[PDB]
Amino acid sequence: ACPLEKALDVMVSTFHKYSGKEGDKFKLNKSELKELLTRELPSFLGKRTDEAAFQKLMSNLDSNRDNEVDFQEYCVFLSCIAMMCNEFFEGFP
């Protein structure tokens, strides 16, 4: 009935699907971020699944510099992706 509320639930559940695998269950480490990105957001990195790309992404996302991505930082990341899609919604910039 409410696709946007369902979308939010997917955002929440997908985080935990990977954040709970290793160490802090509420934060994504490098390995968990790698798996989330490759499996759940393959269109984002595309062919850039190398270690250099993942280190750059980690540094971009880890705003509080604790070496992991928490839920707030993850939401900022997803917001950035949405904003990029927003820029091309009309079929031109």
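The first residue of the sequence shown is number 1, and the count goes up from there. For the two forms, the rigid core is made up of the largest set of C-alpha atoms that agree within 1.5 Å on superposition.
Once the structures in 5 other deposited structures of this protein are superposed via the core, the pair 52 to 60 and 28 to 36 is resolved in favour of 52 to 60 as the more displaced stretch (C-alpha RMS). The rigid core fit leaves 83 to 91 as the farther-lying stretch in 5 other deposited structures of this protein, judged by Cα positions and set against 83 to 91 and 4 to 12. Comparing 16 to 24 with 71 to 79, the higher mean C-alpha B-factor in the PDB entry belongs to 16 to 24.
Taking only CA atoms, the mean B-factor in the PDB entry is higher for 84 to 92 than for the other of 84 to 92 and 4 to 12. When the CA B factors of the chain's modelled residues are split into thirds, the value for residue 53 lands in the lowest one.
Residue 40 sits in the highest third of its chain by CA B factor, as recorded in the PDB entry. Ranked by C-alpha B-factor against the other modelled residues of its chain, residue 62 falls in the lowest third.
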